[PDB]
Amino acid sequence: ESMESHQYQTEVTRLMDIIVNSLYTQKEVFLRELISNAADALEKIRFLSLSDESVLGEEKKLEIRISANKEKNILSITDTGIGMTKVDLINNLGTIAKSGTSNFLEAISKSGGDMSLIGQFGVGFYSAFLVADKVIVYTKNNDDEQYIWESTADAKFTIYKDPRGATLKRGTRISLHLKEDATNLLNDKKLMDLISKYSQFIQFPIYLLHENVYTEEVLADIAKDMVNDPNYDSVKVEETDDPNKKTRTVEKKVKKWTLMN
């Protein structure tokens, strides 16, 4: 059941209308905003770890992880930053609702200005709706349990405890359920370009999960047993009609993490 106020639904509908009509040709900028949010959250927990190192108890990693799921049409930006308690999340939503950021952006757009301040105005998250019709946020902060915040393009949201528990240990995962028009964002070449572009001044490692293909010649009888290997996402054995051939070219596809900065 939706938990938005009419004020939240109005403010966010205005933000979305302005952001969309102002950035319809630069849809890709959502990634700059999400990476920016993630670095800010990582800086918060990094700063606290200087006085009390025990804050990193649940997860020593301090990084950003980008991964696409081509079958489910989902893009995820995950970080091991501070994360949010239910209190931090509802405060953040109340901040968005009470502020008149849409007044500032309406003014910027009417004046012929750009959306380069959406990040400084703390509304950069809503740029995700340029490419997605549904955004599912999973978050975990040391002081609370893991929560799920599920938002839609109609400015409606719902918050509930994660049935699977603290799968994140510490940090936040932004899962974008992409629109049919945003398929290009699941490709390794596009993501690599976008991440190299938007990582310029990010003091934390950014990792991309991309396809690695392994090719070798194998004896036909073993080529059939290669298919079963669970260490690979998929195994493609070459199809041959000639019973002459005693060997088969085998392509083993699997995704590994590469440091992008």
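Start at 1 and count along the sequence shown; that's the residue number.
K.L.:
Please pick out which of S111, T80, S175, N187 has the largest Cα B-factor as recorded in the entry.
P.N.:
Reading the PDB entry, the winner on C-alpha B-factor is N187.
K.L.:
Classify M260 as lowest, middle or highest third according to the C-alpha B-factor given in the PDB entry, relative to its own chain.
P.N.:
Middle third, going by the recorded CA B-factors of the chain.
K.L.:
Test of reading the entry: by CA B factor among the chain's modelled residues, which third contains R65?
P.N.:
Its C-alpha B-factor, which the entry lists for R65, ranks in the lowest third among residues of this chain.
K.L.:
Grab the CA temperature factor for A182 from the record and place it in the lowest, middle or highest third of its chain.
P.N.:
It belongs to the highest third of the chain when residues are ordered by C-alpha B-factor.
K.L.:
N212's Cα B-factor: lowest, middle or highest third of the chain?
P.N.:
It falls in the middle third of the chain.
K.L.:
Could you place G171 in the lowest, middle or highest third of its chain by Cα temperature factor, using the values in the record?
P.N.:
Its C-alpha B-factor belongs to the lowest third of this chain's values.
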